[PDB]
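Step one of this worksheet: look at the structure below.
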Amino acid sequence: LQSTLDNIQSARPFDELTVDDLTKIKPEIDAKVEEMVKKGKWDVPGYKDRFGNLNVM
Amino acid sequence: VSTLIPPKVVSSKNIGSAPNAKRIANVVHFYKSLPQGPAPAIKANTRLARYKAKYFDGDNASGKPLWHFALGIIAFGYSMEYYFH
Amino acid sequence: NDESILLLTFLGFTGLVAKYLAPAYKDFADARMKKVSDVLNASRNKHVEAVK
Amino acid sequence: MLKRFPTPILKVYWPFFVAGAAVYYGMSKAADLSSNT
Amino acid sequence: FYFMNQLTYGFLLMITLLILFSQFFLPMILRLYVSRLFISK
């Protein structure tokens with residue numbers, strides 16, 4: 001956990017993280033995405049709780 | 001009747017239940033993490049990469065490219081406007 | 001001409017668009033830019049405080 | 001950068017595609033009939 | 001008339017555009033949504 005905090009101190013791409021890097025790091029998110037795509041349920045439960053919509057509607 | 005021994009049984013299960021799932025979720029992404037904008041790849045050249053860098057970048061993000069495209073399509077269409085009518 | 005006056009008025013339309021709609025859309029986009037950045041940093045701060 | 005993700009294109013969107021095929025076939029049939037030229 | 005140049009061609013166009021959209025662009029928005037959800041959760 002010292003290694004974790006030391007990495008997080010200066011290796012935290014908050015505004016410059018690559019989505020391809022995120023996919024390569026964790027294949028679990030890829031597996032989830034293809035599973036839910038092939039299932040047809042495009043909803044991602046719990047997605048408007050923290051992210052706004054600015055909906056003109 | 002005797003002394004059972006709790007204070008050294010954390011070996012089988014790490015302390016806490018809910019943050020245990022988040023531990024593996026947040027410890028693994030820090031290894032392959034960009035220190036500070038590693039491999040930005042801000043420079044490219046494929047006969048259209050210069051246009052993307054100059055205009056289609058997030059720094060400006062203005063409506064000028066749309067107006068330039070409209071001017072270009074007007075210039076292209078003037079010739080066939082003359083040709084047709 | 002049958003079509004050149006439209007070209008003349010296109011410049012005025014673009015000018016009015018940039019004067020009125022462009023700043024509004026710029027502010028609308030930048031507001032959620034800051035919102036997303038701040039909420040992401042806040043979630044990361046909460047996670048690192050939990051791990052601490 | 002860009003990857004192919006296999007969303008259902010025929011399992012769920014078959015009626016629209018078959019309707020388009022039928023419309024195209026009807027247009028081709030009526031091109032020599034519903035033209036009056 | 002001059003109909004066998006834009007109608008069937010237009011159908012091929014919106015078919016290929018629908019395919020490209022649904023297979024490429026919507027997955028990027030879905031991926032960014034799920035990534036924000038994951039690193040927010």
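In the structure tokens, chains take letters A, B, ... by order of appearance, with residues numbered from 1 within each chain and ligands from 1 in the order shown.
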Discussion item. Taking 6 positions as the minimum chain separation for residues in the same chain, which residues sit within 10 Å of residue 52 of chain A when counting only C-alpha atoms? Answer as an MDAnalysis selection string.
Written reply: chainID C and resid 32 35:36
Output N, CA, C and O atoms of each residue in that selection to a file, as a compact mmCIF listing (two decimals), in the first residue's frame.
# COMPACT_ATOMS: atom_id res chain seq x y z
N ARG C 32 -19.79 21.51 -17.96
CA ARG C 32 -19.72 20.08 -17.69
C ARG C 32 -18.31 19.54 -17.82
O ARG C 32 -18.01 18.51 -17.21
N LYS C 35 -17.27 20.13 -14.38
CA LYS C 35 -18.04 19.23 -13.52
C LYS C 35 -17.50 17.81 -13.57
O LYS C 35 -17.31 17.17 -12.53
N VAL C 36 -17.23 17.30 -14.77
CA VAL C 36 -16.72 15.94 -14.92
C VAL C 36 -15.33 15.83 -14.31
O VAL C 36 -15.04 14.87 -13.58
Worksheet item: Any idea which chain A residues end up within 10 Å of chain C if we count only C-alpha atoms, as a VMD selection string please?
Response: chain A and resid 1 to 2 4 to 5 8 to 9 12 14 to 15 50 to 54
Kindly export the residues of the current selection with N, CA, C and O atoms, as a compact mmCIF listing (two decimals), in the first residue's frame.
# COMPACT_ATOMS: atom_id res chain seq x y z
N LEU A 1 0.81 -1.21 0.00
CA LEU A 1 0.00 0.00 0.00
C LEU A 1 0.85 1.27 0.00
O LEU A 1 0.41 2.29 -0.54
N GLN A 2 2.08 1.24 0.56
CA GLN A 2 3.02 2.32 0.23
C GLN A 2 3.36 2.35 -1.25
O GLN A 2 3.49 3.43 -1.84
N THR A 4 1.34 1.49 -3.58
CA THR A 4 0.13 2.03 -4.18
C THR A 4 0.06 3.55 -4.04
O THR A 4 -0.22 4.25 -5.02
N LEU A 5 0.30 4.08 -2.84
CA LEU A 5 0.23 5.52 -2.66
C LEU A 5 1.33 6.23 -3.44
O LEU A 5 1.11 7.30 -4.02
N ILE A 8 0.20 6.34 -6.98
CA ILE A 8 -0.94 7.24 -7.15
C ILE A 8 -0.53 8.70 -7.03
O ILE A 8 -1.22 9.57 -7.57
N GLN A 9 0.56 8.99 -6.32
CA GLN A 9 0.96 10.38 -6.13
C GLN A 9 1.32 11.06 -7.45
O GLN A 9 0.95 12.22 -7.68
N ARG A 12 -1.21 9.43 -11.91
CA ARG A 12 -2.67 9.51 -11.87
C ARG A 12 -3.15 10.35 -13.04
O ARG A 12 -3.36 11.57 -12.90
N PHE A 14 -5.65 11.87 -14.51
CA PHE A 14 -7.05 12.21 -14.33
C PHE A 14 -7.66 12.76 -15.62
O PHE A 14 -8.83 12.50 -15.93
N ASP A 15 -6.88 13.53 -16.39
CA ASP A 15 -7.37 14.14 -17.62
C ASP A 15 -6.64 13.66 -18.86
O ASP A 15 -6.87 14.19 -19.95
N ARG A 50 -24.46 9.70 -10.58
CA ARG A 50 -23.36 10.63 -10.38
C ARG A 50 -23.03 11.47 -11.61
O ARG A 50 -22.34 12.48 -11.48
N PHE A 51 -23.50 11.08 -12.79
CA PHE A 51 -23.20 11.79 -14.03
C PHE A 51 -24.44 12.53 -14.50
O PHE A 51 -25.52 11.94 -14.61
N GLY A 52 -24.29 13.82 -14.79
CA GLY A 52 -25.40 14.63 -15.21
C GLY A 52 -25.80 14.37 -16.65
O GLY A 52 -25.15 13.63 -17.39
N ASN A 53 -26.90 14.99 -17.05
CA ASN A 53 -27.44 14.85 -18.40
C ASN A 53 -27.48 16.14 -19.19
O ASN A 53 -27.44 16.10 -20.42
N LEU A 54 -27.55 17.30 -18.51
CA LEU A 54 -27.75 18.62 -19.12
C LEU A 54 -28.81 18.57 -20.22
O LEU A 54 -28.75 19.32 -21.20
Worksheet item: Taking only C-alpha atoms into account, which residues of chain E are within 7 Å of chain D, as a ChimeraX atom specification?
Response: /E:1,8,22-24
Item to complete: Residues of chain B near chain C: apply a cut-off of 9 Å, count only C-alpha atoms, and supply the list as a list in words.
Response: residues 19, 22, 23, 26, 61, 62, 63, 67 and 74 of chain B
Discussion item. Residues of chain E were defined as contacting chain B if any atom lay at most 10 Å from it, counting only C-alpha atoms; please report them as number ranges by chain.
Written reply: E: 38-39, 41
Item to complete: Show me which bits of chain A are within 8 Å of chain E, counting only C-alpha atoms, as a ChimeraX atom specification.
Response: /A:19,22,29,33,44,47
Would you write out, as CSV, a table of all residues in chain B that have an atom no more than 7 Å from an atom of chain A, listing for each the closest atom pair and the distance in Å to one decimal, considering only C-alpha atoms and ordering rows by chain and rising residue number?
residue,atom,partner,partner_atom,distance
B:27,CA,A:4,CA,6.5
B:29,CA,A:25,CA,6.5
B:30,CA,A:7,CA,6.2
B:32,CA,A:25,CA,6.8
B:33,CA,A:11,CA,5.7
B:34,CA,A:11,CA,5.6
B:35,CA,A:11,CA,3.9
B:36,CA,A:11,CA,6.6
B:37,CA,A:16,CA,6.3
Grab the residues selected above and save them as a short mmCIF file (atom, residue, chain, number, x, y, z; two decimals), in the first residue's frame with N, CA and C atoms.
data_model
loop_
_atom_site.label_atom_id
_atom_site.label_comp_id
_atom_site.auth_asym_id
_atom_site.auth_seq_id
_atom_site.Cartn_x
_atom_site.Cartn_y
_atom_site.Cartn_z
N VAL B 27 -5.81 -1.58 -7.12
CA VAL B 27 -4.37 -1.80 -6.99
C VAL B 27 -3.76 -2.17 -8.34
N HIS B 29 -4.61 -1.15 -11.52
CA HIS B 29 -4.52 -0.14 -12.57
C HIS B 29 -3.35 0.82 -12.38
N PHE B 30 -2.71 0.83 -11.21
CA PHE B 30 -1.61 1.74 -10.94
C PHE B 30 -0.29 1.29 -11.55
N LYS B 32 0.28 -0.07 -14.84
CA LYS B 32 0.35 0.43 -16.22
C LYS B 32 -0.33 1.80 -16.32
N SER B 33 0.15 2.73 -15.51
CA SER B 33 -0.41 4.07 -15.43
C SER B 33 0.59 5.08 -15.96
N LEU B 34 0.10 6.04 -16.74
CA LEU B 34 0.95 7.07 -17.32
C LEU B 34 1.43 8.02 -16.23
N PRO B 35 2.74 8.20 -16.05
CA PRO B 35 3.22 9.15 -15.03
C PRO B 35 2.74 10.57 -15.27
N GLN B 36 3.09 11.14 -16.43
CA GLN B 36 2.60 12.46 -16.80
C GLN B 36 2.60 12.54 -18.33
N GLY B 37 1.45 12.24 -18.93
CA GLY B 37 1.27 12.37 -20.36
C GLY B 37 2.26 11.56 -21.17
#
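Note that atom CA of residue 30 of chain A and atom CA of residue 39 of chain B are 22.8 Å apart.
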Practice prompt. May I ask you to extract the residues of chain A within 9 Å of chain D, using only C-alpha atoms, and to give them as a PyMOL selection string?
Written response: chain A and resi 19-20+33-34+37-40
Worksheet, complete the sentence: Atom pair atom CA of residue 5 of chain E + atom CA of residue 19 of chain D, distance 19.4 Å
Worksheet entry | Secondary structure check, alpha helix (DSSP H) residues of chain A, as a list in words | residues 2, 3, 4, 5, 6, 7, 8, 9, 10, 19, 20, 21, 22, 23, 24, 25, 27, 28, 29, 30, 31, 32, 33, 34, 35, 36, 37, 38 and 39 of chain A
Discussion item. Please compute the atom CA of residue 46 of chain A-atom CA of residue 20 of chain B distance, one decimal, in Å.
Written reply: 20.9 Å
Discussion item. Using only C-alpha atoms, which protein or nucleic acid residues come within 12 Å of residue 52 of chain B? Drop anything in the same chain fewer than 6 positions from it, and give the result as a ChimeraX atom specification.
Written reply: /B:42-46,58-61,65
